[PDB]
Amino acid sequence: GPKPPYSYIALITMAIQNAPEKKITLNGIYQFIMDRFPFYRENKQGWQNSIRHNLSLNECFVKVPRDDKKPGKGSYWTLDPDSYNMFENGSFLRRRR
């Protein structure tokens, strides 16, 4: 199908906010996106590289260490408290300020 209107910053924010403890692994972001929007089930090589790119580049996505090496691999990704509500509505179509 066609690509949804949501940006990569918006997609990552959805996954973090959806997590019960508001922290999510990189693979959990993949599964959240693909489960929510079937378009990203195809051609995983491209948009996942963009996902990683946005996690490191943007200050809003801060990586924090993990408890033990049991749940998956890598570290948890969380939202910088300043940019938690960086989107206006909760429809995630554009940022505020």
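Residues carry their position along the shown sequence, with the first being 1.
Student: Decide which of the stretches 8 to 16 and 70 to 78 has the higher mean C-alpha B-factor, going by the entry.
Tutor: Higher mean C-alpha B-factor in the PDB entry: 70 to 78.
Student: On average, are the C-alpha B-factors higher in 28 to 36 or in 61 to 69?
Tutor: Between 28 to 36 and 61 to 69, it is 61 to 69.
Student: Would you mind ranking residue 54 by its C-alpha B-factor against the rest of the chain and naming the third, lowest, middle or highest?
Tutor: Ranked within chain, residue 54 CA B lands in the middle tercile.
Student: For residue 83, return the chain-relative third of its C-alpha B-factor as stated in the PDB record: lowest, middle or highest.
Tutor: For residue 83, the deposited C-alpha B-factor lands in the lowest third.
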